[PDB]
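Have a look below at one chain only, the form deposited in one PDB entry, in structure tokens format.
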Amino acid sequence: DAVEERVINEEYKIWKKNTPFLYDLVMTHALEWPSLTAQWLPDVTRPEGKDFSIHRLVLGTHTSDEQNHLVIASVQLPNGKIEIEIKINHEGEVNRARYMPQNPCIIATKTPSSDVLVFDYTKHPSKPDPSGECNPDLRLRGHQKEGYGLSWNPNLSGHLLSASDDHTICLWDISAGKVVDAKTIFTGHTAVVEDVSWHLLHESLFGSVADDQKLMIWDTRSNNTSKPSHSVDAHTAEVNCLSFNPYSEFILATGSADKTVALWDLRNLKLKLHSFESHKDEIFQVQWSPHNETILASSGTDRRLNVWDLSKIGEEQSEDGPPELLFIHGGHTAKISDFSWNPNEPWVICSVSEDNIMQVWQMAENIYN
């Protein structure tokens, strides 16, 4: 034990030295506590006469026996400071936080208790109350254990999905600090459900992935909540994440403890389309580019964020990895817990790791052009 620390710190030294030719932007910020979660808010402000734009991030804390917070931070990007705008008292670490597309003041969170919380961040003071009391705007009941998966329906305002270690997926309709019981509980998985995500176009369709190694496709119009529409043996270990391609309605991607990202076609789930290989450990997040249909990213325990270009599947080569691996981000020296593609600046990513580091970065233009 502890030779690893020498290996990591030497590799970080090579990385640091090479950033001027690998990146168009690298901002590093040390949070007071690590964040398990990261999501860019949709808004950008471009003040007249300035050399920067102002973007914003939903973050959380993970403490060891100290008061946690849901956090909104501001980031200045050039055409660059990072500041905390608000902290709201949160009961336990923030497993995951996601804004509601139809009203981005509304943020859902996953707690270490079974509760899923809803905050309207405009209804909370500037400074958190030092009493420490968590006053969520809604408490969403239905789970028996904590989890990670959290998804707002982009086509039905207020329909929230959640995945838990209790083997279940819960659905709430918040549209009517009260307690809401789950509208529907889906019980098809036989193990910890790691992630859940609505389809971006079809208001009734969602996907889940679990430690049973399965990708499941659900339809809310089905009377049978114990059996999905489709059930796919997706990976040879736990499936930790999924993400629907925002330009291609039949395409999705899953990330796994088997160290691979799988590419799927909903119309024929018996045949995995491709397996993206290069991660050296468990994958916990995968996300498609909001700007480029063929671009996907993945991160996890190997301390790397990989960016893939599926248009390069099959091309010939002289190498250090397959042709579809566009970029390896090696800026983190600990496990990466989450990342978010900036929706207003193509190729900007924010990524957060267990050693308190948040990085906002952009690979060099010549790497993708």
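Take the two forms, find the largest set of C-alpha atoms that superpose within 1.5 Å, and that set is the rigid core. In case it trips you up, residue 1 is the first one in the sequence shown, and so on.
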Among other entries of this protein with both neighbours modelled, does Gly80 go without coordinates in a third or more of them?
yes
Coordinates for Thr63 lacking in at least a third of the other PDB entries compared?
no
Do any residues of the deposited sequence lie unmodelled between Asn79 and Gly80, and which range holds their number: none, 1 to 3, 4 to 9, or 10 or more?
10 or more
Mind giving me a quick count class for deposited residues absent from the model between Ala176 and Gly177? Options are none, 1 to 3, 4 to 9, 10 or more.
4 to 9
Is the mean CA B factor in the deposited entry higher across 179-187 or across 106-114?
179-187
Report the stretch with the higher mean CA temperature factor, choosing between 218-226 and 253-261 on the basis of the entry.
218-226
Which of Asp338, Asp302, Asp43, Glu315 ranks first by CA B-factor in the deposited coordinates:
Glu315
Scanning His62, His55, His332, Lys50 for peak Cα temperature factor in the entry gives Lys50
Of the three thirds of the chain ranked by Cα temperature factor, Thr19 occupies the highest
Sorting the chain's modelled residues by C-alpha B-factor and splitting them into thirds places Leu36 in the lowest
Which third of the chain does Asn356 land in by C-alpha B-factor: lowest, middle or highest?
middle
Which third of the chain does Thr122 land in by C-alpha B-factor: lowest, middle or highest?
middle
Position of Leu310 among the chain's modelled residues by C-alpha B-factor, lowest, middle or highest third
highest
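The same protein also has a form deposited in another entry, omitted here; what follows describes it.
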Displaced residue between this form and the one not shown, judged on C-alpha after the rigid core is fitted, out of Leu150, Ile106, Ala234, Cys134 (threshold 2 Å or more):
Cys134
Compare the CA separation of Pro104 and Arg141 in the other form with the one in the displayed structure, and answer closer or farther (the difference is at least 3 Å).
farther
Kindly indicate if, in the other form, the C-alpha atoms of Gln144 and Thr225 are closer or farther apart than in the structure shown, bearing in mind the change is 3 Å or more.
farther
